[PDB]
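**Q** To start, I am sharing the structure in question, which I have written as structure tokens.
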Amino acid sequence: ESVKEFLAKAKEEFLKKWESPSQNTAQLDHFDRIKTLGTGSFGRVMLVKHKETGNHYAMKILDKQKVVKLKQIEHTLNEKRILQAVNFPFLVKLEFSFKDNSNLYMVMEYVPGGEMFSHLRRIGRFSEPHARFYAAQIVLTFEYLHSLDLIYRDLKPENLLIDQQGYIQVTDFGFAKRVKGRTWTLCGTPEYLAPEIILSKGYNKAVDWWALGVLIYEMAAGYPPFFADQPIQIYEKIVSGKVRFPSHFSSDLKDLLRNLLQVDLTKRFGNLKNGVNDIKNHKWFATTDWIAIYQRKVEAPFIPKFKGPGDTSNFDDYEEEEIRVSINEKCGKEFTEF
Ligand SMILES: NC(=O)c1ccc(C(=O)O)cc1
């Protein structure tokens, strides 16, 4: 009942913000630009500093014309409407949002420890306790999101940032969607796609639990389970129903992963009658105190090394490009609700 009442309140609070979203809560000239932290085909993330408060933020800047051309309109509206409505310890917080003639802006908390991916690749692989600490945070986060009828759809090591306490913050809601039944869009990253996405089926929240299986495997092995040189080869391995486990994996880990990496979505852990509890009660998680993780009372496996809230040393170097704002409004109609 404690969990039921927690999730009921969580849904109430989400729905109030979902139905009446915040809009236009800052503007670009309130910020100084510091450094580009990441870049893609239609957007970038920039470390910025608020000129009045001195606080640092990660500002995601999306070019409206490129969002339209790459068919990401609905996805970008999803991302902002969801982010302004959610609240969970392991989700990066949206602090402000706004738009101008050229761009959409989501001003997020800055997480200076960098991507889990960087740390994983530095050290090679995580021990099972270390992987389990991060995995438990994802389990709770998906329990939260799924209870709100949200599917995340972009789990991968690059999207898990490590905070100043060594805990995970999930970023990038670009593929997240409120889905009460099924959905159909081809999205994600190849190594993490569930078979039913590859096969163009109407799919549901079970794809997130598949992706958790991939993530746990990659954390504990150092490489993902369906690895191959080209996407088509990855996809063939994903749909095959076969996975090879390193001998160093524990039997408990292998058993959990066989149940998460279950090709038949109707037999996949997280999607059975007991829902998330088949995962939370699995022997691989027997040492996990779920409440203590939620309350951030567990000592983390490591604290990232950084000098302060403005340190960018855990992120990498990109060409610094202009944030140009056209004299004419672009795509105003498409982004009216942002
Ligand atoms: N909230 C952040 O600190 C944050 C940092 C980097 C990125 C990226 O490179 O996409 C995203 C978010």
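By convention here, the chains of the structure tokens are called A, B, ... in the order presented, each chain's residues are numbered starting at 1, and ligands are numbered starting at 1 in the order presented.
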Please write out the residues within 9 Å of ligand 1 as a PyMOL selection string, counting only C-alpha atoms and all ligand atoms.
**A** chain A and resi 36-40+44-47+57-60+92-94+107-115+158-159+161+163+169-172+315-316
**Q** As number ranges by chain, please: every residue in segment 17-239 of chain A that DSSP puts in helix (DSSP H, G or I).
**A** A: 17-19, 28-30, 64-69, 73-83, 116-123, 128-147, 157-159, 190-192, 195-198, 206-221, 231-238
**Q** List the neighbours of residue 137 of chain A out to 8 Å using only C-alpha atoms; skip same-chain residues closer than 4 positions along the sequence, and give me the result as a compact mmCIF listing (two decimals) with N, CA and C atoms, in the first residue's frame.
**A**
```txt
# COMPACT_ATOMS: atom_id res chain seq x y z
N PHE A 90 16.02 10.42 -9.87
CA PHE A 90 16.99 9.99 -10.86
C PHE A 90 16.66 10.50 -12.26
N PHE A 133 23.86 -1.22 -8.44
CA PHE A 133 23.53 0.09 -7.89
C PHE A 133 22.88 0.99 -8.94
N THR A 141 13.14 4.22 -11.59
CA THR A 141 12.75 5.27 -12.52
C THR A 141 11.72 4.77 -13.52
N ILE A 168 22.77 8.27 -10.52
CA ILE A 168 22.37 8.47 -11.90
C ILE A 168 21.33 9.56 -12.01
N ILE A 293 17.93 3.21 -1.70
CA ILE A 293 18.34 3.74 -3.00
C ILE A 293 17.51 4.97 -3.35
N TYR A 294 16.19 4.85 -3.26
CA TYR A 294 15.31 5.98 -3.55
C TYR A 294 15.68 7.20 -2.71
```
**Q** Report as a VMD selection string all protein, DNA and RNA residues lying within 12 Å of residue 69 of chain A, evaluated on only C-alpha atoms, omitting residues in the same chain fewer than 3 positions from it.
**A** chain A and resid 41 to 42 63 to 66 72 to 73 331 334
**Q** Now that the selection is made, can you save its residues with C-alpha atoms as an mmCIF file, in the first residue's frame?
**A**
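Output (selection_2.cif):
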```
data_model
loop_
_atom_site.group_PDB
_atom_site.id
_atom_site.type_symbol
_atom_site.label_atom_id
_atom_site.label_comp_id
_atom_site.auth_asym_id
_atom_site.auth_seq_id
_atom_site.Cartn_x
_atom_site.Cartn_y
_atom_site.Cartn_z
ATOM 1 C CA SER A 41 21.634 16.513 -36.278
ATOM 2 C CA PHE A 42 19.011 18.964 -34.949
ATOM 3 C CA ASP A 63 16.768 24.153 -34.348
ATOM 4 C CA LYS A 64 13.084 24.328 -35.315
ATOM 5 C CA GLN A 65 13.691 23.973 -39.053
ATOM 6 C CA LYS A 66 15.874 20.895 -38.517
ATOM 7 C CA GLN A 72 10.845 15.221 -34.791
ATOM 8 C CA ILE A 73 8.021 17.741 -34.160
ATOM 9 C CA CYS A 331 7.760 27.174 -37.855
ATOM 10 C CA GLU A 334 4.249 23.672 -35.517
#
```
**Q** Quick one: residues within 9 Å of residue 237 of chain A, only C-alpha atoms counted, chain neighbours fewer than 4 positions away excluded, as a PyMOL selection string?
**A** chain A and resi 225-228+232-233+241-243
**Q** Save the residues we just selected, N, CA, C and O atoms, as a short mmCIF file (atom, residue, chain, number, x, y, z; two decimals), in the first residue's frame?
**A**
```
data_model
loop_
_atom_site.label_atom_id
_atom_site.label_comp_id
_atom_site.auth_asym_id
_atom_site.auth_seq_id
_atom_site.Cartn_x
_atom_site.Cartn_y
_atom_site.Cartn_z
N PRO A 225 25.15 -6.97 -25.60
CA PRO A 225 24.98 -8.40 -25.89
C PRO A 225 24.85 -8.74 -27.36
O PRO A 225 25.15 -9.88 -27.76
N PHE A 226 24.38 -7.81 -28.18
CA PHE A 226 24.11 -8.11 -29.58
C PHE A 226 25.07 -7.40 -30.52
O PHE A 226 24.76 -7.18 -31.69
N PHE A 227 26.28 -7.15 -30.04
CA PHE A 227 27.25 -6.35 -30.76
C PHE A 227 27.58 -6.91 -32.13
O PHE A 227 27.79 -8.11 -32.30
N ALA A 228 27.65 -6.01 -33.11
CA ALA A 228 28.13 -6.33 -34.45
C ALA A 228 28.55 -5.03 -35.12
O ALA A 228 28.28 -3.93 -34.62
N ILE A 232 22.32 -3.86 -39.45
CA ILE A 232 21.56 -5.03 -39.89
C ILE A 232 22.03 -6.28 -39.16
O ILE A 232 21.23 -7.16 -38.81
N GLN A 233 23.34 -6.39 -38.91
CA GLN A 233 23.87 -7.55 -38.20
C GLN A 233 23.45 -7.53 -36.73
O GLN A 233 23.15 -8.58 -36.15
N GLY A 241 16.91 -14.68 -30.53
CA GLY A 241 16.62 -15.40 -29.31
C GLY A 241 17.82 -16.02 -28.63
O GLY A 241 17.65 -16.85 -27.74
N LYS A 242 19.04 -15.61 -29.02
CA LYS A 242 20.29 -16.16 -28.52
C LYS A 242 21.19 -15.05 -27.96
O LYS A 242 21.35 -14.00 -28.58
N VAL A 243 21.77 -15.30 -26.79
CA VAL A 243 22.72 -14.39 -26.16
C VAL A 243 23.80 -15.24 -25.51
O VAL A 243 23.51 -16.32 -25.00
#
```
**Q** Using only C-alpha atoms for the distances, tell me which of A:194, A:215, A:256, A:221 is nearest to residue 234 of chain A.
**A** A:194
**Q** May I have the residues within 10 Å of residue 246 of chain A as an MDAnalysis selection string, using only C-alpha atoms and disregarding those fewer than 2 positions away in the same chain?
**A** chainID A and resid 217 220:221 225 244 248:250 254
**Q** With a distance cut-off of 12 Å and only C-alpha atoms, select the neighbouring residues of residue 19 of chain A, excluding the residue or stretch itself and same-chain residues fewer than 6 positions from it, and output the selection as a PyMOL selection string.
**A** chain A and resi 11-13+81-82+84-85+337
**Q** Considering only C-alpha atoms, can you say which of A:291, A:193, A:116, A:155 comes closest to residue 6 of chain A?
**A**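 Among the listed residues, the smallest separation from residue 6 of chain A belongs to A:291.
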**Q** Please measure the separation of atom CA of residue 28 of chain A and atom CA of residue 97 of chain A, giving the value in Å to one decimal.
**A** 9.9 Å
**Q** Smallest atom-to-atom distance to residue 88 of chain A: which of A:324, A:189, A:140, A:270, using only C-alpha atoms?
**A** A:140
